[PDB]
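In structure tokens, the next block holds one chain alone, the form deposited in one PDB entry.
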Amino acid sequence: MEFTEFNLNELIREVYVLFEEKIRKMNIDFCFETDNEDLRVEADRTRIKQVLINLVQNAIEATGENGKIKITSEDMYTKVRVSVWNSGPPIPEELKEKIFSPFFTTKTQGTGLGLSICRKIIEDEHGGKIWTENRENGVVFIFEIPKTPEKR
């Protein structure tokens, strides 16, 4: 795998632009917030981009027409945090780990791979954490990665 230094917010922009047309067609309200424009990490850019894509795809599918999506990025000094929130029904306790299992899906033509791929990339590849909470009238997926891979 290739690791590079890049601005994580520029990557989020790239993912927004990828989805921009779907978001418009579905009349989804998309919101973005950051506490540091210059959110630089050393990470596997293609794979982190894939995490963002998988989460944003799930958010669109969960929120549906006229829904709402918010992405927040936060500089936490030795690590960065990205949150992808959508308005929609909550995830029950009994599924909060199961949703990350390969092939688990509640969708008719679901792969059930989006989140298992996310977990592999964030946790195994980057040494980070990914989890979900129910917040407001919706669901947030949060990941954190170190700004630089942790020296052994």
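Definition used throughout: the rigid core is the maximal C-alpha set that superposes within 1.5 Å between two forms. Start at 1 with the first residue shown and count on from there.
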{"item": "At least a third of the other entries leave residue 109 unmodelled", "value": "yes"}
{"item": "Between 118 to 126 and 100 to 108 (mean CA B-factor, as deposited), the higher", "value": "100 to 108"}
{"item": "Residue range whose averaged C-alpha B-factor is higher in the record, 79 to 87 or 25 to 33", "value": "25 to 33"}
{"item": "Top Cα B factor in the deposited entry, candidates 139, 142, 17, 11", "value": "17"}
{"item": "Third of the chain, ranked by Cα B-factor, where residue 40 sits", "value": "highest"}
{"item": "Third assignment of residue 66 from its chain's C-alpha B-factors", "value": "highest"}
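Just so it is clear, the following notes concern the form deposited in another entry, a form of the same protein that is not shown.
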{"query": "Core-fitted Cα difference of 2 Å or more between this form and the one not shown, single residue among 90, 127, 110, 64", "finding": "110"}
{"query": "Core superposition between this form and the one not shown, C-alpha change of residue 50 at least 2 Å", "finding": "no"}
{"query": "Did residue 36 shift 2 Å or more between this form and the one not shown, C-alpha, core superposed", "finding": "no"}
{"query": "Residue 105 and residue 140, C-alpha gap in the other entry relative to this structure (3 Å or more)", "finding": "farther"}
{"query": "Distance trend in the other entry - C-alpha atoms of residue 135 and residue 113, change of 3 Å or more", "finding": "closer"}
